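What follows is the content of work35.csv (CSV, C-alpha atoms).
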```csv
chain,number,residue,atom,x,y,z
A,1,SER,CA,108.2,-50.6,-151.7
A,2,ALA,CA,106.2,-47.4,-152.0
A,3,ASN,CA,103.3,-49.4,-153.6
A,4,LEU,CA,103.5,-51.7,-150.6
A,5,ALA,CA,103.6,-48.7,-148.3
A,6,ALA,CA,100.6,-47.1,-149.9
A,7,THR,CA,98.7,-50.4,-149.7
A,8,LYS,CA,99.2,-50.5,-145.9
A,9,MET,CA,98.2,-46.9,-145.6
A,10,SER,CA,95.0,-47.6,-147.4
A,11,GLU,CA,94.1,-51.1,-146.1
A,12,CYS,CA,95.5,-51.2,-142.5
A,13,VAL,CA,95.2,-47.6,-141.4
A,14,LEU,CA,92.0,-46.4,-142.9
A,15,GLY,CA,89.9,-49.6,-142.2
A,16,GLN,CA,89.9,-53.0,-140.6
A,17,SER,CA,91.7,-55.8,-142.5
A,18,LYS,CA,91.4,-59.5,-142.0
A,19,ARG,CA,94.8,-60.3,-143.5
A,20,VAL,CA,97.4,-62.3,-141.6
A,21,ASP,CA,101.1,-61.1,-141.4
A,22,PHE,CA,100.3,-58.0,-143.4
A,23,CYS,CA,98.9,-55.4,-140.9
A,24,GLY,CA,101.0,-57.1,-138.2
A,25,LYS,CA,101.2,-60.5,-136.6
A,26,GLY,CA,98.0,-61.7,-135.1
A,27,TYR,CA,94.5,-60.4,-135.4
A,28,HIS,CA,94.4,-56.8,-136.7
A,29,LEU,CA,92.9,-54.0,-134.7
A,30,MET,CA,94.2,-50.7,-135.9
A,31,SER,CA,97.3,-49.0,-137.3
A,32,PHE,CA,99.1,-45.8,-136.3
A,33,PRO,CA,101.3,-44.2,-139.0
A,34,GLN,CA,104.3,-42.1,-137.9
A,35,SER,CA,106.4,-40.0,-140.2
A,36,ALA,CA,110.1,-40.6,-140.6
A,37,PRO,CA,112.8,-39.5,-143.0
A,38,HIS,CA,112.2,-41.2,-146.4
A,39,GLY,CA,109.4,-43.4,-145.0
A,40,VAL,CA,106.5,-44.0,-142.6
A,41,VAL,CA,107.1,-45.9,-139.3
A,42,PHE,CA,104.0,-48.1,-138.8
A,43,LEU,CA,102.6,-49.0,-135.4
A,44,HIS,CA,100.6,-52.2,-135.5
A,45,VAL,CA,98.1,-52.7,-132.7
A,46,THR,CA,97.3,-56.5,-132.7
A,47,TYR,CA,95.2,-59.0,-130.7
A,48,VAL,CA,97.3,-61.9,-129.3
A,49,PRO,CA,95.8,-64.5,-127.0
A,50,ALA,CA,98.0,-65.8,-124.2
A,51,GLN,CA,96.8,-68.3,-121.6
A,52,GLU,CA,95.1,-71.5,-122.8
A,53,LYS,CA,93.3,-74.5,-121.2
A,54,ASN,CA,92.5,-77.9,-122.6
A,55,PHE,CA,88.7,-78.7,-122.9
A,56,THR,CA,86.7,-81.7,-124.0
A,57,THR,CA,84.8,-81.3,-127.3
A,58,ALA,CA,82.2,-83.0,-129.5
A,59,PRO,CA,80.8,-81.9,-132.9
A,60,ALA,CA,77.1,-82.3,-132.1
A,61,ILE,CA,74.6,-82.9,-129.2
A,62,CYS,CA,71.9,-85.6,-129.4
A,63,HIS,CA,68.7,-84.9,-127.5
A,64,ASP,CA,65.4,-86.0,-128.9
A,65,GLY,CA,66.9,-88.1,-131.8
A,66,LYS,CA,67.7,-85.0,-133.9
A,67,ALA,CA,71.3,-83.6,-134.0
A,68,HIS,CA,71.8,-80.2,-132.5
A,69,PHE,CA,74.6,-78.3,-134.5
A,70,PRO,CA,76.2,-75.1,-133.1
A,71,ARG,CA,75.3,-71.9,-134.9
A,72,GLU,CA,78.1,-69.6,-133.7
A,73,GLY,CA,80.5,-71.1,-131.2
A,74,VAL,CA,82.2,-74.3,-130.1
A,75,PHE,CA,81.2,-77.1,-127.8
A,76,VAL,CA,83.5,-77.4,-124.7
A,77,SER,CA,83.3,-79.3,-121.5
A,78,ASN,CA,85.1,-79.2,-118.1
A,79,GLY,CA,84.5,-82.9,-117.5
A,80,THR,CA,81.0,-82.7,-116.2
A,81,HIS,CA,78.7,-80.3,-118.1
A,82,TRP,CA,78.9,-79.3,-121.8
A,83,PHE,CA,79.4,-75.5,-122.4
A,84,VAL,CA,79.0,-73.3,-125.4
A,85,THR,CA,81.9,-70.9,-125.7
A,86,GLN,CA,83.8,-69.1,-128.5
A,87,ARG,CA,87.1,-69.7,-130.2
A,88,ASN,CA,88.8,-66.4,-129.0
A,89,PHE,CA,87.8,-66.5,-125.3
A,90,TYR,CA,86.1,-68.5,-122.6
A,91,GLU,CA,82.5,-67.5,-121.8
A,92,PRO,CA,80.5,-70.5,-120.6
A,93,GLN,CA,76.8,-70.4,-121.4
A,94,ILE,CA,73.7,-72.5,-120.8
A,95,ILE,CA,72.8,-74.5,-123.9
A,96,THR,CA,69.7,-73.1,-125.5
A,97,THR,CA,67.7,-73.7,-128.7
A,98,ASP,CA,68.6,-70.3,-130.0
A,99,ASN,CA,72.3,-71.1,-129.9
A,100,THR,CA,71.8,-74.5,-131.6
A,101,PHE,CA,70.6,-75.6,-135.0
A,102,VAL,CA,68.6,-78.8,-135.7
A,103,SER,CA,69.6,-80.8,-138.7
A,104,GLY,CA,69.6,-84.5,-139.4
A,105,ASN,CA,69.5,-87.4,-137.0
A,106,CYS,CA,72.0,-88.7,-134.4
A,107,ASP,CA,73.1,-91.8,-136.4
A,108,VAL,CA,75.0,-90.0,-139.2
A,109,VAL,CA,77.1,-87.8,-137.0
A,110,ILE,CA,80.5,-89.3,-135.9
A,111,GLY,CA,81.3,-88.4,-132.3
A,112,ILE,CA,77.9,-87.1,-131.2
A,113,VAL,CA,77.2,-87.0,-127.4
A,114,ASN,CA,73.9,-87.0,-125.4
A,115,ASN,CA,72.8,-84.1,-123.3
A,116,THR,CA,69.6,-82.2,-122.5
A,117,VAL,CA,69.0,-79.1,-124.5
A,118,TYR,CA,67.3,-76.5,-122.3
A,119,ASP,CA,64.2,-75.0,-123.8
A,120,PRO,CA,63.4,-71.6,-122.1
A,121,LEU,CA,59.8,-71.7,-123.3
A,122,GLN,CA,58.9,-74.8,-121.2
A,123,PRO,CA,59.2,-73.2,-117.7
A,124,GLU,CA,57.4,-70.1,-119.0
A,125,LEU,CA,54.1,-71.9,-119.8
A,126,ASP,CA,53.0,-72.4,-116.2
A,127,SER,CA,54.8,-69.4,-114.8
B,1,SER,CA,107.9,-63.1,-157.3
B,2,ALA,CA,109.2,-63.8,-153.8
B,3,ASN,CA,107.1,-61.0,-152.3
B,4,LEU,CA,104.1,-62.7,-154.1
B,5,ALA,CA,105.3,-66.0,-152.6
B,6,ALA,CA,105.7,-64.5,-149.0
B,7,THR,CA,102.2,-63.1,-149.3
B,8,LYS,CA,100.7,-66.4,-150.2
B,9,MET,CA,102.6,-68.2,-147.4
B,10,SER,CA,101.0,-65.6,-145.0
B,11,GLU,CA,97.5,-65.3,-146.6
B,12,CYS,CA,96.7,-68.8,-148.1
B,13,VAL,CA,98.6,-71.1,-145.8
B,14,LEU,CA,98.5,-69.5,-142.4
B,15,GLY,CA,95.0,-68.1,-142.8
B,16,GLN,CA,91.7,-68.3,-144.7
B,17,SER,CA,91.0,-66.1,-147.6
B,18,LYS,CA,87.7,-65.2,-149.3
B,19,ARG,CA,89.5,-64.2,-152.6
B,20,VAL,CA,89.0,-65.5,-156.1
B,21,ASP,CA,92.1,-66.5,-158.2
B,22,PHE,CA,94.6,-65.6,-155.4
B,23,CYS,CA,94.7,-68.8,-153.3
B,24,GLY,CA,93.6,-70.8,-156.4
B,25,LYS,CA,90.5,-71.0,-158.5
B,26,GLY,CA,87.2,-71.3,-156.7
B,27,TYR,CA,86.4,-70.9,-153.0
B,28,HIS,CA,89.5,-71.3,-150.8
B,29,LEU,CA,89.7,-74.1,-148.3
B,30,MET,CA,93.4,-74.4,-147.3
B,31,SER,CA,96.9,-74.5,-148.9
B,32,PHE,CA,99.8,-76.9,-148.6
B,33,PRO,CA,103.3,-75.6,-149.3
B,34,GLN,CA,106.0,-78.0,-150.6
B,35,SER,CA,109.8,-77.6,-150.9
B,36,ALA,CA,111.3,-76.9,-154.3
B,37,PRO,CA,114.7,-76.1,-155.7
B,38,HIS,CA,115.1,-72.3,-156.2
B,39,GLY,CA,111.4,-71.8,-155.3
B,40,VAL,CA,108.3,-73.2,-153.7
B,41,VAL,CA,105.4,-75.4,-155.0
B,42,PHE,CA,101.9,-74.7,-153.6
B,43,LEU,CA,99.1,-77.2,-153.3
B,44,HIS,CA,95.8,-75.3,-153.3
B,45,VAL,CA,92.8,-77.2,-152.0
B,46,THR,CA,89.8,-75.6,-153.6
B,47,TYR,CA,86.0,-75.8,-153.3
B,48,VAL,CA,84.3,-76.2,-156.7
C,1,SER,CA,107.0,-79.9,-142.8
C,2,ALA,CA,106.8,-77.8,-139.6
C,3,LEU,CA,104.2,-75.6,-141.3
C,4,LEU,CA,102.5,-78.6,-142.8
C,5,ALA,CA,102.3,-79.9,-139.2
C,6,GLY,CA,100.6,-76.9,-137.7
C,7,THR,CA,98.2,-76.2,-140.6
C,8,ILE,CA,96.7,-79.7,-140.6
C,9,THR,CA,96.9,-80.3,-136.8
C,10,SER,CA,97.2,-77.0,-134.9
C,11,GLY,CA,94.7,-74.9,-137.0
C,12,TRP,CA,95.1,-71.4,-138.3
C,13,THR,CA,96.4,-69.9,-135.0
C,14,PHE,CA,100.0,-71.0,-135.1
C,15,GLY,CA,101.2,-67.9,-137.0
C,16,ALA,CA,98.9,-65.5,-135.2
C,17,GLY,CA,100.0,-66.4,-131.7
C,18,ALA,CA,100.5,-69.5,-129.5
C,19,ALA,CA,99.3,-72.8,-131.0
C,20,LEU,CA,95.8,-74.0,-130.0
C,21,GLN,CA,94.7,-77.6,-130.0
C,22,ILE,CA,92.0,-77.9,-132.7
C,23,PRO,CA,90.7,-81.3,-133.9
C,24,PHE,CA,90.6,-81.8,-137.6
C,25,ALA,CA,86.8,-82.3,-137.8
C,26,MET,CA,86.4,-78.9,-136.2
C,27,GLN,CA,88.8,-77.2,-138.6
C,28,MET,CA,86.9,-77.6,-141.8
C,29,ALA,CA,83.5,-76.7,-140.2
C,30,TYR,CA,84.9,-73.2,-139.5
C,31,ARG,CA,86.7,-73.1,-142.8
C,32,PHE,CA,83.4,-73.5,-144.6
C,33,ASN,CA,82.0,-70.5,-142.7
C,34,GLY,CA,84.2,-68.0,-144.5
C,35,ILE,CA,82.8,-69.0,-147.9
C,36,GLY,CA,79.2,-69.2,-146.7
C,37,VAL,CA,78.7,-72.9,-146.1
C,38,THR,CA,77.3,-74.2,-142.8
C,39,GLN,CA,78.1,-77.4,-140.9
C,40,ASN,CA,75.4,-79.5,-142.5
C,41,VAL,CA,77.5,-80.3,-145.6
C,42,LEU,CA,80.6,-81.5,-143.7
C,43,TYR,CA,79.3,-84.0,-141.1
C,44,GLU,CA,76.8,-85.9,-143.4
C,45,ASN,CA,79.0,-86.1,-146.5
C,46,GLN,CA,82.3,-86.9,-144.6
C,47,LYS,CA,82.6,-90.4,-146.0
C,48,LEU,CA,82.2,-88.9,-149.5
C,49,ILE,CA,85.0,-86.3,-149.1
```
Have the structure of the file written as structure tokens, please.
Amino acid sequence: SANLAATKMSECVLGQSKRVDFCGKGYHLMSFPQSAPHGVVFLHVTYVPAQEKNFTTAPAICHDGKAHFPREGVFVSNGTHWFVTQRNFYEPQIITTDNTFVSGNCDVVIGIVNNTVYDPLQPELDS
Amino acid sequence: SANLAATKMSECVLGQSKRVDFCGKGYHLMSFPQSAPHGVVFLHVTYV
Amino acid sequence: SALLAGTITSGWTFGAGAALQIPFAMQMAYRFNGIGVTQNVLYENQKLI
């Protein structure tokens, strides 16, 4: 138990650890050691998400005939427009070419949907 | 052996690990636990 | 079989909190990103897997 105690003093307290159900339940932030008789009382500060909402997804976006794959993020929709958000929180963004990755065609992707990828360089030519 | 088993239920099954020769040989994808008498049988899906 | 349920269906978030709704085609795209593989390998080769 002391080798498991000195592991959590090294890994959880002194730095950030990605481990699940080791540094405490959920996503690990930090750890506060507290001294006790014959042991150390751990205080595990964790990141727990709470309120969720169901969205409409799709793996890829077809525009010009080439499939647009997401770089970092997910594809969600409220039923009208497709948004680019993240797995841990809801931050809707305008779909841009910097947030998408162009690979392959639209035929080989199962579940691909059609939308218009906004290019920011196109209004900046005449303005 | 049970504390090694309770770690691999937490790390390999419930999460994703970057480790070599912990969740199985090669790059880790996912892990499937199975019931066993007096123990547990792991199914390690690996990327080779 | 309850943990075989939420690993295949509900994702990696069932033990870290409340269970999300994650489709299975979106699970392995983000499970390749930990080992350094992007999403080009999964969607094209999905019939070969």
Check which residues of chain C sit at most 10 Å from chain A using all atoms listed in the file, and return one row each with the closest pair of atoms and their distance in Å to one decimal, ordered by chain and rising number, as JSON lines.
```
{"residue": "C:12", "atom": "CA", "partner": "A:20", "partner_atom": "CA", "distance": 9.9}
{"residue": "C:13", "atom": "CA", "partner": "A:26", "partner_atom": "CA", "distance": 8.4}
{"residue": "C:14", "atom": "CA", "partner": "A:26", "partner_atom": "CA", "distance": 9.5}
{"residue": "C:15", "atom": "CA", "partner": "A:26", "partner_atom": "CA", "distance": 7.2}
{"residue": "C:16", "atom": "CA", "partner": "A:26", "partner_atom": "CA", "distance": 3.9}
{"residue": "C:17", "atom": "CA", "partner": "A:48", "partner_atom": "CA", "distance": 5.8}
{"residue": "C:18", "atom": "CA", "partner": "A:50", "partner_atom": "CA", "distance": 6.9}
{"residue": "C:19", "atom": "CA", "partner": "A:52", "partner_atom": "CA", "distance": 9.3}
{"residue": "C:20", "atom": "CA", "partner": "A:52", "partner_atom": "CA", "distance": 7.7}
{"residue": "C:21", "atom": "CA", "partner": "A:54", "partner_atom": "CA", "distance": 7.7}
{"residue": "C:22", "atom": "CA", "partner": "A:57", "partner_atom": "CA", "distance": 9.6}
{"residue": "C:23", "atom": "CA", "partner": "A:57", "partner_atom": "CA", "distance": 8.9}
{"residue": "C:25", "atom": "CA", "partner": "A:59", "partner_atom": "CA", "distance": 7.8}
{"residue": "C:26", "atom": "CA", "partner": "A:59", "partner_atom": "CA", "distance": 7.2}
{"residue": "C:29", "atom": "CA", "partner": "A:59", "partner_atom": "CA", "distance": 9.4}
{"residue": "C:30", "atom": "CA", "partner": "A:73", "partner_atom": "CA", "distance": 9.6}
{"residue": "C:33", "atom": "CA", "partner": "A:72", "partner_atom": "CA", "distance": 9.8}
{"residue": "C:38", "atom": "CA", "partner": "A:71", "partner_atom": "CA", "distance": 8.5}
{"residue": "C:39", "atom": "CA", "partner": "A:69", "partner_atom": "CA", "distance": 7.3}
{"residue": "C:40", "atom": "CA", "partner": "A:103", "partner_atom": "CA", "distance": 7.1}
{"residue": "C:42", "atom": "CA", "partner": "A:109", "partner_atom": "CA", "distance": 9.8}
{"residue": "C:43", "atom": "CA", "partner": "A:109", "partner_atom": "CA", "distance": 6.0}
{"residue": "C:44", "atom": "CA", "partner": "A:108", "partner_atom": "CA", "distance": 6.1}
{"residue": "C:45", "atom": "CA", "partner": "A:108", "partner_atom": "CA", "distance": 9.2}
{"residue": "C:46", "atom": "CA", "partner": "A:110", "partner_atom": "CA", "distance": 9.2}
```
Limited to C-alpha atoms, could you put the picked residues into a file as a PDB file, in the frame of the given file?
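Output file result_25.pdb follows:
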```pdb
ATOM      1  CA  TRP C  12      95.100 -71.400-138.300  1.00  0.00           C
ATOM      2  CA  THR C  13      96.400 -69.900-135.000  1.00  0.00           C
ATOM      3  CA  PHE C  14     100.000 -71.000-135.100  1.00  0.00           C
ATOM      4  CA  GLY C  15     101.200 -67.900-137.000  1.00  0.00           C
ATOM      5  CA  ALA C  16      98.900 -65.500-135.200  1.00  0.00           C
ATOM      6  CA  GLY C  17     100.000 -66.400-131.700  1.00  0.00           C
ATOM      7  CA  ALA C  18     100.500 -69.500-129.500  1.00  0.00           C
ATOM      8  CA  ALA C  19      99.300 -72.800-131.000  1.00  0.00           C
ATOM      9  CA  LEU C  20      95.800 -74.000-130.000  1.00  0.00           C
ATOM     10  CA  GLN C  21      94.700 -77.600-130.000  1.00  0.00           C
ATOM     11  CA  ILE C  22      92.000 -77.900-132.700  1.00  0.00           C
ATOM     12  CA  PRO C  23      90.700 -81.300-133.900  1.00  0.00           C
ATOM     13  CA  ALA C  25      86.800 -82.300-137.800  1.00  0.00           C
ATOM     14  CA  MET C  26      86.400 -78.900-136.200  1.00  0.00           C
ATOM     15  CA  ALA C  29      83.500 -76.700-140.200  1.00  0.00           C
ATOM     16  CA  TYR C  30      84.900 -73.200-139.500  1.00  0.00           C
ATOM     17  CA  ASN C  33      82.000 -70.500-142.700  1.00  0.00           C
ATOM     18  CA  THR C  38      77.300 -74.200-142.800  1.00  0.00           C
ATOM     19  CA  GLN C  39      78.100 -77.400-140.900  1.00  0.00           C
ATOM     20  CA  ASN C  40      75.400 -79.500-142.500  1.00  0.00           C
ATOM     21  CA  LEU C  42      80.600 -81.500-143.700  1.00  0.00           C
ATOM     22  CA  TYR C  43      79.300 -84.000-141.100  1.00  0.00           C
ATOM     23  CA  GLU C  44      76.800 -85.900-143.400  1.00  0.00           C
ATOM     24  CA  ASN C  45      79.000 -86.100-146.500  1.00  0.00           C
ATOM     25  CA  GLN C  46      82.300 -86.900-144.600  1.00  0.00           C
TER      26      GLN C  46
END
```
Handout entry: Between CA of residue 118 in chain A and CA of residue 37 in chain C, distance in Å (one decimal)
Key =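 Distance between the two atoms: 26.6 Å.
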Handout entry: Spatial neighbours of residue 8 in chain C, 10 Å, all atoms listed in the file, chain gap at least 2 places, as a PyMOL selection string
Key = (chain B and resi 30-32) or (chain C and resi 3-6+10-12+22-24+27)
Practice task
Considering all atoms listed in the file, state which residue in the set A:82, A:22, A:12, A:17 is at the smallest distance from chain B.
Solution key: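 Closest to chain B, using all atoms listed in the file: A:22.
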Handout entry: Interface residues on chain B facing chain A, 7 Å, only C-alpha atoms, written as JSON, numbers by chain
Key = {"B": [10, 11, 15]}
Handout entry: Separation of CA of residue 89 in chain A from CA of residue 17 in chain B, in Å and rounded to one decimal
Key =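 If I compute the distance from CA of residue 89 in chain A to CA of residue 17 in chain B, I get 22.5 Å.
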Handout entry: Counting all atoms listed in the file, the option among B:27, B:12, B:2, B:22 closest to chain C
Key = B:27
Handout entry: Selected residue, from B:24, B:41, B:47, B:4, that lies nearest to chain C when counting all atoms listed in the file
Key =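 Distance minimum relative to chain C lands on B:47.
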Problem - Atomic distance CA of residue 19 in chain B - CA of residue 31 in chain A, expressed in Å with one decimal - result: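 Value for the CA of residue 19 in chain B-CA of residue 31 in chain A distance: 22.9 Å.
Distances to chain B were evaluated for C:47, C:32, C:2, C:41 using all atoms listed in the file, and the minimum falls at C:32.
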Practice task
Could you pull out every residue with an atom within 9 Å of (86.6, -77.2, -156.0), file coordinates, counting all atoms listed in the file, and send them as a PyMOL selection string?
Solution key: chain B and resi 25-29+45-48
Taking C-alpha atoms for each residue, export the selection above as an mmCIF file, keeping the file's coordinate frame.
```cif
data_model
loop_
_atom_site.group_PDB
_atom_site.id
_atom_site.type_symbol
_atom_site.label_atom_id
_atom_site.label_comp_id
_atom_site.auth_asym_id
_atom_site.auth_seq_id
_atom_site.Cartn_x
_atom_site.Cartn_y
_atom_site.Cartn_z
ATOM 1 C CA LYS B 25 90.500 -71.000 -158.500
ATOM 2 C CA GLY B 26 87.200 -71.300 -156.700
ATOM 3 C CA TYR B 27 86.400 -70.900 -153.000
ATOM 4 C CA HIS B 28 89.500 -71.300 -150.800
ATOM 5 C CA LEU B 29 89.700 -74.100 -148.300
ATOM 6 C CA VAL B 45 92.800 -77.200 -152.000
ATOM 7 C CA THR B 46 89.800 -75.600 -153.600
ATOM 8 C CA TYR B 47 86.000 -75.800 -153.300
ATOM 9 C CA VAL B 48 84.300 -76.200 -156.700
#
```
